[PDB]
Each structure stands twice: as structure tokens, then as C-alpha cells.
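K.L.:
I'd like to ask you about the structure that follows.
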Amino acid sequence: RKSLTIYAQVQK
Amino acid sequence: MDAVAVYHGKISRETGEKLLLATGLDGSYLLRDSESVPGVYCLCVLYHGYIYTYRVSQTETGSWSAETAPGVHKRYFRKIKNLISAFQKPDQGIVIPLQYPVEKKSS
């Protein structure tokens with residue numbers, strides 16, 4: 001909630 | 001010529017979030033400037049209400065590529081826009097193969 005961002009990386 | 005129309009320029013995090021949420025289409029991506037790392041772009045795809053941000057920077061070798069998790073193999077390219085065409089591969093690119101570009105100009 002109050003956060004629509006993951007800023008993750010490419011898992012492929 | 002390096003034609004990047006998907007690059008609306010520099011926008012805040014709140015801007016990119018609502019931008020992809022507006023289109024209301026899973027797989028919608030956009031090119032925004034990193035508000036933390038200058039000279040680096042950020043491709044974000046809206047999925048599950050969560051905007052997945054990915055850092056895209058060119059290597060010292062001159063090849064274009066994106067960040068990779070510790071244990072994943074990333075392929076190199078020779079163009080910034082080419083990354084989009086190569087990422088359009090299901091289960092062979094990102095959380096979702098880019099499909100609907102969200103540029104700031106024409107709908």
C-alpha cells in the first residue's frame with residue numbers, strides 16, 4: 001500500500 | 001538515428017505510476033529518466049497494479065543492456081530501442097514482453 005513500485009531486476 | 005518516442009523525458013515516480021495506470025493495459029511500458037542515477041533510463045511495465053521498474057544503462061563496451069539479478073544471464077544489444085524489440089519475447093525477456101508503449105504526445 002502507498003507504494004506502486006518494486007524496482008526489481010530482470011529474472012529472465 | 002536512435003528514435004525514442006517512448007521517452008517522455010524526466011518525470012517523478014508518482015508520474016510514471018499514474019501514467020501506466022491510466023492506460024489500463026497490462027504490459028504497458030514507458031521510458032523515464034532515473035531520478036537517482038543520471039544518464040540512466042528506466043523502463044517500467046504495469047502489472048498487478050504494481051509498476052515494475054527496470055534500470056537500463058549502456059556498458060563500457062558500448063553495448064546496450066539492462067540490470068540483471070545475482071544469478072541470471074543477460075544478453076547484450078547494440079541499441080537502446082533494440083532492447084524493446086528483444087524484450088518482446090514472452091518468458092524470455094521481463095515480467096512481461098513490452099506491448100503497449102506509453103509516450104507523452106499522441107494517444
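By convention in this document, the chains of the C-alpha cells carry letters A, B, ... by their order, each chain's residues are numbered from 1, and ligands are numbered from 1 in the order they are shown.
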Which residues come within 12 Å of residue A:8, counting only C-alpha atoms, excluding same-chain residues fewer than 5 positions away, as a PDB file with N, CA and C atoms, in the first residue's frame?
P.N.:
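After the write, around-v2.pdb holds the following:
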ATOM      1  N   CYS B  42      14.907   4.181 -17.346  1.00  0.00           N
ATOM      2  CA  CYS B  42      14.149   3.233 -16.539  1.00  0.00           C
ATOM      3  C   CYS B  42      12.866   2.808 -17.243  1.00  0.00           C
ATOM      4  N   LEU B  43      12.813   1.546 -17.657  1.00  0.00           N
ATOM      5  CA  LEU B  43      11.638   1.009 -18.329  1.00  0.00           C
ATOM      6  C   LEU B  43      10.705   0.369 -17.307  1.00  0.00           C
ATOM      7  N   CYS B  44       9.473   0.863 -17.230  1.00  0.00           N
ATOM      8  CA  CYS B  44       8.513   0.334 -16.266  1.00  0.00           C
ATOM      9  C   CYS B  44       7.280  -0.258 -16.944  1.00  0.00           C
ATOM     10  N   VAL B  45       6.917  -1.467 -16.516  1.00  0.00           N
ATOM     11  CA  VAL B  45       5.747  -2.171 -17.038  1.00  0.00           C
ATOM     12  C   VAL B  45       4.714  -2.340 -15.927  1.00  0.00           C
ATOM     13  N   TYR B  50       1.139  -3.096  -9.651  1.00  0.00           N
ATOM     14  CA  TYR B  50       2.481  -2.690  -9.253  1.00  0.00           C
ATOM     15  C   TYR B  50       3.338  -2.370 -10.472  1.00  0.00           C
ATOM     16  N   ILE B  51       3.920  -1.176 -10.481  1.00  0.00           N
ATOM     17  CA  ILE B  51       4.765  -0.746 -11.590  1.00  0.00           C
ATOM     18  C   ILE B  51       6.189  -1.275 -11.424  1.00  0.00           C
ATOM     19  N   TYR B  52       6.548  -2.259 -12.244  1.00  0.00           N
ATOM     20  CA  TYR B  52       7.881  -2.855 -12.190  1.00  0.00           C
ATOM     21  C   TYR B  52       8.893  -1.985 -12.929  1.00  0.00           C
ATOM     22  N   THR B  53       9.830  -1.411 -12.183  1.00  0.00           N
ATOM     23  CA  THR B  53      10.855  -0.552 -12.767  1.00  0.00           C
ATOM     24  C   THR B  53      12.141  -1.325 -13.043  1.00  0.00           C
ATOM     25  N   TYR B  54      12.719  -1.093 -14.220  1.00  0.00           N
ATOM     26  CA  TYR B  54      13.957  -1.757 -14.616  1.00  0.00           C
ATOM     27  C   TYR B  54      14.978  -0.736 -15.111  1.00  0.00           C
ATOM     28  N   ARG B  55      16.180  -0.784 -14.547  1.00  0.00           N
ATOM     29  CA  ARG B  55      17.242   0.145 -14.926  1.00  0.00           C
ATOM     30  C   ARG B  55      17.934  -0.295 -16.210  1.00  0.00           C
ATOM     31  N   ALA B  66      20.370  -4.224 -19.795  1.00  0.00           N
ATOM     32  CA  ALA B  66      19.713  -3.847 -18.549  1.00  0.00           C
ATOM     33  C   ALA B  66      20.321  -4.585 -17.362  1.00  0.00           C
ATOM     34  N   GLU B  67      19.937  -4.172 -16.157  1.00  0.00           N
ATOM     35  CA  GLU B  67      20.442  -4.794 -14.938  1.00  0.00           C
ATOM     36  C   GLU B  67      19.943  -6.231 -14.815  1.00  0.00           C
ATOM     37  N   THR B  68      20.763  -7.088 -14.217  1.00  0.00           N
ATOM     38  CA  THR B  68      20.405  -8.492 -14.040  1.00  0.00           C
ATOM     39  C   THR B  68      20.573  -8.928 -12.588  1.00  0.00           C
ATOM     40  N   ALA B  69      19.650  -9.763 -12.119  1.00  0.00           N
ATOM     41  CA  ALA B  69      19.694 -10.262 -10.751  1.00  0.00           C
ATOM     42  C   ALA B  69      20.892 -11.187 -10.550  1.00  0.00           C
ATOM     43  N   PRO B  70      21.383 -11.311  -9.304  1.00  0.00           N
ATOM     44  CA  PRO B  70      22.531 -12.170  -8.992  1.00  0.00           C
ATOM     45  C   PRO B  70      22.243 -13.644  -9.261  1.00  0.00           C
ATOM     46  N   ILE B  94      11.221  -9.998 -19.788  1.00  0.00           N
ATOM     47  CA  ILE B  94      10.942  -9.430 -18.472  1.00  0.00           C
ATOM     48  C   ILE B  94       9.643  -9.994 -17.902  1.00  0.00           C
ATOM     49  N   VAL B  95       9.120  -9.354 -16.854  1.00  0.00           N
ATOM     50  CA  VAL B  95       7.873  -9.800 -16.236  1.00  0.00           C
ATOM     51  C   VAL B  95       6.763  -9.866 -17.280  1.00  0.00           C
TER      52      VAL B  95
END
K.L.:
Taking 3 positions as the minimum chain separation for residues in the same chain, which residues sit within 7 Å of residue B:8 when counting only C-alpha atoms? Answer as a ChimeraX atom specification.
P.N.:
/B:31-32,103-104
K.L.:
Next, dump the selected residues to file, keeping only N, CA, C and O atoms, as a compact mmCIF listing (two decimals), in the first residue's frame.
P.N.:
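Saved result, out_12.txt, follows:
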# COMPACT_ATOMS: atom_id res chain seq x y z
N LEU B 31 9.48 4.96 -21.02
CA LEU B 31 10.89 5.27 -20.80
C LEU B 31 11.04 6.60 -20.06
O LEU B 31 10.82 7.67 -20.63
N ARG B 32 11.42 6.52 -18.79
CA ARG B 32 11.60 7.72 -17.97
C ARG B 32 13.02 7.79 -17.43
O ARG B 32 13.66 6.77 -17.17
N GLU B 103 3.81 6.79 -24.56
CA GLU B 103 4.56 8.00 -24.86
C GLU B 103 3.72 9.24 -24.55
O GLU B 103 2.50 9.19 -24.58
N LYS B 104 4.40 10.35 -24.26
CA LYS B 104 3.72 11.60 -23.95
C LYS B 104 3.65 12.50 -25.18
O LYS B 104 4.47 13.41 -25.34
K.L.:
If we count only C-alpha atoms, which residues of chain A reach to within 6 Å of chain B? Please list them as a list in words.
P.N.:
residues 4, 5, 6, 7, 9, 10 and 12 of chain A
K.L.:
Could you save the residues just selected, with C-alpha atoms, as a compact mmCIF listing (two decimals), in the first residue's frame?
P.N.:
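Wrote it out as selection-v4.txt, contents follow:
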# COMPACT_ATOMS: atom_id res chain seq x y z
CA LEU A 4 3.24 1.03 -6.51
CA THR A 5 6.88 0.27 -7.34
CA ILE A 6 9.13 -2.78 -6.98
CA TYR A 7 12.34 -1.57 -8.64
CA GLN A 9 15.55 -6.70 -11.71
CA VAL A 10 15.22 -8.98 -14.73
CA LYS A 12 14.99 -13.89 -17.08
K.L.:
For residue B:60, list every protein, DNA or RNA residue within 12 Å, evaluated using only C-alpha atoms, and leave out those in the same chain fewer than 4 positions away; present the list as a list in words.
P.N.:
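Here the answer would be residues 64, 65 and 76 of chain B.
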K.L.:
Mind checking DSSP for stretch 14-105 of chain B and telling me the helix (DSSP H, G or I) residues as an MDAnalysis selection string?
P.N.:
chainID B and resid 14:23 82:87
K.L.:
Using only C-alpha atoms, which of the listed residues (B:88, B:77, B:3, B:33) sits closest to residue B:61?
P.N.:
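Ranked by minimum distance to residue B:61, first place goes to B:77.
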K.L.:
If I take atom CA of residue B:40 and atom CA of residue B:99, how far is one from the other in Å, to one decimal?
P.N.:
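A separation of 21.8 Å between them.
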